[PDB]
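Per-entry structural report
The lines below spell out each chain.
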Amino acid sequence: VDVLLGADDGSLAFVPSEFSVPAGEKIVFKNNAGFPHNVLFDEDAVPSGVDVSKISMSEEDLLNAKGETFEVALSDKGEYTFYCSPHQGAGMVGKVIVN
Ligand SMILES: [Cu+]
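Residues numbered from 1 in each chain as written, not as in the entry; some residues may be left out. Heavy atoms only, no water.

As deposited, the entry is annotated with X-ray crystallography as its determination method and 1.67 Å as its resolution.

Our working rule: UniProt positions are given in the numbering used here, feature names are shortened, and annotations may be inferred rather than shown by experiment.
Naming follows the PDB entry, where the protein appears as Plastocyanin B, chloroplastic of Populus nigra. The title assigned to this entry in its PDB record is "The 1.67 Angstrom crystal structure of reduced (CuI) poplar plastocyanin B at pH 8.0". One UniProt comment on the protein, placed under Subcellular location, says "Plastid, Chloroplast thylakoid membrane".

Overview of the coordination of the copper ion
Perfect tetrahedral coordination of a metal by four donors corresponds to 109.5 degrees between them, and perfect octahedral coordination by six donors corresponds to 90 or 180 degrees. The condition that has to hold: Coordinating N, O and S atoms are those within 2.8 Å of the metal (3.2 Å for Na, K and Ca), and as water is not part of the atoms, a site may appear to have fewer donors than expected. Square planar and octahedral sites, with four and six donors, are those where opposite donors lie more than 155 degrees apart and all other angles lie between 65 and 115, tetrahedral sites have four donors with every angle between 85 and 135 degrees, and the rest are irregular. Strands are runs of DSSP state E lasting at least two residues, helices are runs of H or I lasting at least four, and both sets are numbered from the N terminus onward.
Within the first shell, the copper ion binds the protein through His 37 (ND1), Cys 84 (SG), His 87 (ND1) and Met 92 (SD), at distances of 2.0 to 2.7 Å. With four donor atoms in place around the copper ion and angles of 88 to 133° between them, the coordination shape is tetrahedral. When the donors of the copper ion are listed by position in the chain, the intervening gaps give H-x46-C-x2-H-x4-M. One end of the pair, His 37, is in the loop between β4 (26-31) and β5 (40-41); the other, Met 92, is in the loop between β7 (78-83) and β8 (93-98), with 55 residues separating them in the sequence.

Structural data, given as structure tokens:
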């Protein structure tokens, strides 16, 4: 499934910001508008057993150009919160439910 980083209208949002996916589907976060963005998972809001370091960009790594992607495939079922490091204080966060 593709998830846009920034809305076409400049909103600091993941698009979509909440979605469900079967375990192991590749999620392609795709840089879209209003950079820089990145993608990290919140160590306090993922299923027990999940190591966020493996499914997160490094905080220092930013996507500054349209069409760059960060791709992950989540195998453990449950809810995961992911966020943009630059924009997480501006509500750029989202929830994927792996079922
Ligand atoms: Cu962002």
